[PDB]
$ cat protein39.tsv   # TSV, C-alpha atoms
chain	number	residue	atom	x	y	z
H	80	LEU	CA	38.42	74.25	-143.75
H	81	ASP	CA	40.97	74.74	-140.97
H	82	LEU	CA	38.95	75.74	-137.89
H	83	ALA	CA	40.12	76.82	-134.45
H	84	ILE	CA	38.47	78.30	-131.35
H	85	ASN	CA	39.54	81.31	-129.31
H	86	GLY	CA	37.83	81.22	-125.95
H	87	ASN	CA	35.59	78.57	-124.44
H	88	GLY	CA	33.98	75.61	-126.12
H	89	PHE	CA	34.44	72.54	-128.27
H	90	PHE	CA	33.45	71.50	-131.77
H	91	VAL	CA	30.84	68.73	-131.73
H	92	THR	CA	31.28	65.74	-134.03
H	93	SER	CA	28.96	62.74	-134.50
H	94	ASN	CA	30.21	59.18	-135.24
H	95	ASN	CA	26.95	57.48	-136.39
H	96	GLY	CA	25.62	59.35	-133.35
H	97	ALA	CA	28.54	58.86	-130.96
H	98	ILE	CA	29.33	62.45	-129.98
H	99	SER	CA	32.83	63.71	-129.26
H	100	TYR	CA	34.33	67.13	-128.61
H	101	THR	CA	37.48	68.73	-130.01
H	102	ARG	CA	39.32	72.06	-129.95
H	103	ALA	CA	40.51	72.46	-133.53
H	104	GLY	CA	39.97	70.64	-136.75
H	105	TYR	CA	40.60	70.16	-140.41
H	106	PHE	CA	37.21	69.88	-142.05
H	107	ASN	CA	36.23	68.74	-145.54
H	108	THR	CA	33.10	67.66	-147.37
H	109	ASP	CA	32.64	63.92	-147.87
H	110	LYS	CA	31.26	61.92	-150.81
H	111	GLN	CA	27.72	62.70	-149.58
H	112	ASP	CA	28.53	66.41	-149.11
H	113	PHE	CA	28.54	66.29	-145.30
H	114	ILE	CA	31.05	68.48	-143.49
H	115	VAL	CA	33.42	66.03	-141.78
H	116	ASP	CA	36.60	66.09	-139.73
H	117	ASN	CA	39.72	64.12	-140.63
H	118	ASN	CA	38.13	60.91	-139.30
H	119	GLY	CA	35.02	61.29	-141.44
H	120	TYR	CA	32.90	62.15	-138.40
H	121	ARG	CA	30.22	64.72	-139.12
H	122	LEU	CA	30.54	68.24	-137.74
H	123	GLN	CA	27.39	69.19	-135.85
H	124	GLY	CA	25.42	72.39	-135.93
H	125	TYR	CA	22.20	74.13	-136.83
H	126	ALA	CA	21.24	73.01	-140.31
H	127	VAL	CA	19.27	75.00	-142.83
H	128	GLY	CA	15.63	73.95	-142.65
H	129	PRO	CA	13.24	73.03	-145.46
H	130	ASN	CA	12.42	76.74	-145.93
H	131	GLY	CA	16.07	77.74	-146.28
H	132	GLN	CA	16.36	79.21	-142.78
H	133	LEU	CA	18.62	78.17	-139.90
H	134	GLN	CA	16.94	75.73	-137.50
H	135	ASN	CA	18.29	76.50	-134.03
H	136	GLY	CA	15.99	73.84	-132.55
H	137	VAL	CA	18.06	70.81	-133.60
H	138	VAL	CA	21.79	70.04	-133.54
H	139	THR	CA	22.39	67.78	-136.53
H	140	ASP	CA	24.73	66.95	-139.41
H	141	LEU	CA	25.79	69.85	-141.63
H	142	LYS	CA	25.17	69.36	-145.35
H	143	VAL	CA	26.59	71.62	-148.05
H	144	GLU	CA	24.53	71.96	-151.23
H	145	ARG	CA	26.47	71.09	-154.37
H	146	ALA	CA	24.43	73.48	-156.54
H	147	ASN	CA	22.10	76.47	-156.35
H	345	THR	CA	22.34	76.67	-162.87
H	346	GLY	CA	24.96	77.50	-160.23
H	347	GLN	CA	27.30	75.05	-158.51
H	348	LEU	CA	29.52	75.38	-155.46
H	349	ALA	CA	32.63	77.52	-155.89
H	350	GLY	CA	33.65	78.35	-152.31
H	351	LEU	CA	32.91	77.68	-148.65
H	352	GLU	CA	33.60	80.09	-145.78
H	353	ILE	CA	32.71	80.08	-142.06
H	354	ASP	CA	32.53	83.32	-140.08
H	355	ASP	CA	33.43	83.79	-136.43
H	356	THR	CA	29.90	82.92	-135.27
H	357	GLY	CA	30.07	79.65	-137.20
H	358	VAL	CA	27.74	80.60	-140.06
H	359	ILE	CA	28.63	78.62	-143.19
H	360	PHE	CA	28.44	80.48	-146.51
H	361	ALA	CA	28.48	78.66	-149.85
H	362	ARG	CA	29.59	80.62	-152.93
H	363	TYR	CA	28.15	79.53	-156.30
H	364	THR	CA	28.96	80.12	-159.97
H	365	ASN	CA	25.64	81.87	-160.69
H	366	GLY	CA	26.70	84.80	-158.49
H	367	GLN	CA	24.71	83.62	-155.45
H	368	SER	CA	25.70	82.91	-151.88
H	369	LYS	CA	23.64	80.76	-149.55
H	370	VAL	CA	23.96	79.90	-145.87
H	371	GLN	CA	24.39	76.15	-145.34
H	372	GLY	CA	24.22	75.96	-141.55
H	373	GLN	CA	25.89	77.20	-138.40
H	374	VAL	CA	28.65	75.38	-136.54
H	375	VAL	CA	27.90	75.13	-132.82
H	376	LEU	CA	30.19	74.89	-129.82
H	377	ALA	CA	29.60	72.96	-126.61
H	378	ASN	CA	30.86	73.88	-123.15
H	379	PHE	CA	30.86	71.98	-119.87
H	380	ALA	CA	30.50	72.87	-116.20
H	381	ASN	CA	33.67	70.84	-115.47
H	382	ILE	CA	35.74	70.27	-118.68
H	383	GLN	CA	38.41	68.66	-116.41
H	384	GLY	CA	35.92	65.82	-115.91
H	385	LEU	CA	35.77	65.11	-119.65
H	386	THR	CA	36.76	61.60	-120.71
H	387	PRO	CA	39.74	61.60	-123.11
H	388	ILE	CA	39.23	59.40	-126.17
H	389	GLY	CA	42.32	60.51	-128.07
H	390	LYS	CA	45.18	62.97	-128.18
H	391	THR	CA	42.82	65.90	-128.75
H	392	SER	CA	39.24	64.60	-128.35
H	393	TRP	CA	36.93	63.97	-125.40
H	394	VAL	CA	33.50	62.59	-124.61
H	395	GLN	CA	30.92	63.53	-122.01
H	396	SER	CA	31.11	61.85	-118.60
H	397	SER	CA	29.30	61.72	-115.29
H	398	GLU	CA	31.92	64.20	-114.03
H	399	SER	CA	31.87	66.79	-116.84
H	400	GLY	CA	28.18	67.65	-116.74
H	401	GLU	CA	26.01	67.82	-119.79
H	402	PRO	CA	27.04	69.76	-122.91
H	403	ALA	CA	25.66	73.28	-123.19
H	404	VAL	CA	25.50	73.92	-126.94
H	405	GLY	CA	25.18	77.25	-128.72
H	406	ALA	CA	26.52	79.50	-131.43
H	407	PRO	CA	30.14	80.70	-131.27
H	408	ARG	CA	30.34	84.08	-129.50
H	409	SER	CA	26.99	83.49	-127.80
H	410	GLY	CA	26.89	83.37	-124.02
H	411	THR	CA	30.30	82.26	-122.78
H	412	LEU	CA	31.30	80.54	-126.03
H	413	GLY	CA	34.41	81.51	-127.93
H	414	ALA	CA	34.94	82.70	-131.48
H	415	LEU	CA	35.77	80.71	-134.60
H	416	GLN	CA	38.99	81.28	-136.55
H	417	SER	CA	39.13	80.47	-140.29

$ encode --input "protein39.tsv" --output "structure tokens"
Amino acid sequence: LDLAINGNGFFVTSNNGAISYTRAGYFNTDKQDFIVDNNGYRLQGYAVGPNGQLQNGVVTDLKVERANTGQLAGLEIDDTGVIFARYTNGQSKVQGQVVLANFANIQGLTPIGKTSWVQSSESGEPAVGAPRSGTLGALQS
């Protein structure tokens, strides 16, 4: 998955819980079927709950189910970040929803790499939500 944002906001990735923020990413699934960036850090969002519905109460790792029988054939993410898995038994199932974070003062963000930042005393706290909700931008591919 090659993801970009148009508008405000940052993708949220978790390194064993260390959270960083980025503008665009190449995302894959790892050996435990987590959606990860090119460092292996886990893309964060609303996961599907135990009842198969999106849990907007918790921002967590995004898992993609290998099977539904039917096994995974494709993975797509719409402009509001909803992740659709396509399976060989003719089914599709939502796997989660990518979130974006925005900041009251993104200038105050602490750079941790060429294209990644972390929260700071100067940036304010992350305000997290679905792409195209509130002031947050839209997801491309």

$ axis_aligned_box --input "protein39.tsv" --around "stretch 351-360 of chain H" --padding-each-side "3 Å" --output "JSON"
{"center_x": 30.7, "center_y": 80.7, "center_z": -142.0, "size_x": 11.9, "size_y": 12.1, "size_z": 19.4}

$ residues_around --input "protein39.tsv" --residues "stretch 130-133 of chain H" --least-positions-apart "2" --cutoff "9 Å" --atoms "all atoms listed in the file" --output "PyMOL selection string"
chain H and resi 125-128+135-136+369-373

$ atom_distance --input "protein39.tsv" --atom1 "atom CA of residue H:388" --atom2 "atom CA of residue H:403"
19.6 Å

$ closest_residue --input "protein39.tsv" --among "H:361, H:141, H:97, H:351" --to "residue H:81" --atoms "all atoms listed in the file"
H:351

$ closest_residue --input "protein39.tsv" --among "H:410, H:400, H:366, H:350" --to "residue H:80" --atoms "only C-alpha atoms"
H:350

$ closest_residue --input "protein39.tsv" --among "H:103, H:143, H:374, H:349" --to "residue H:405" --atoms "all atoms listed in the file"
H:374

$ closest_residue --input "protein39.tsv" --among "H:358, H:364, H:129, H:140" --to "residue H:94" --atoms "all atoms listed in the file"
H:140

$ residues_around --input "protein39.tsv" --residues "residue H:106" --least-positions-apart "4" --cutoff "12 Å" --atoms "only C-alpha atoms" --output "PyMOL selection string"
chain H and resi 80-83+90+92+112-123+141+351-353+374+417

$ closest_residue --input "protein39.tsv" --among "H:408, H:362, H:390, H:142" --to "residue H:377" --atoms "only C-alpha atoms"
H:408

$ atom_distance --input "protein39.tsv" --atom1 "atom CA of residue H:134" --atom2 "atom CA of residue H:102"
23.9 Å

$ closest_residue --input "protein39.tsv" --among "H:396, H:416, H:383, H:87" --to "residue H:99" --atoms "all atoms listed in the file"
H:396

$ atom_distance --input "protein39.tsv" --atom1 "atom CA of residue H:404" --atom2 "atom CA of residue H:376"
5.6 Å

$ residues_around --input "protein39.tsv" --residues "residue H:394" --least-positions-apart "6" --cutoff "10 Å" --atoms "all atoms listed in the file" --output "VMD selection string"
chain H and resid 91 97 to 101 382 384 to 388 402
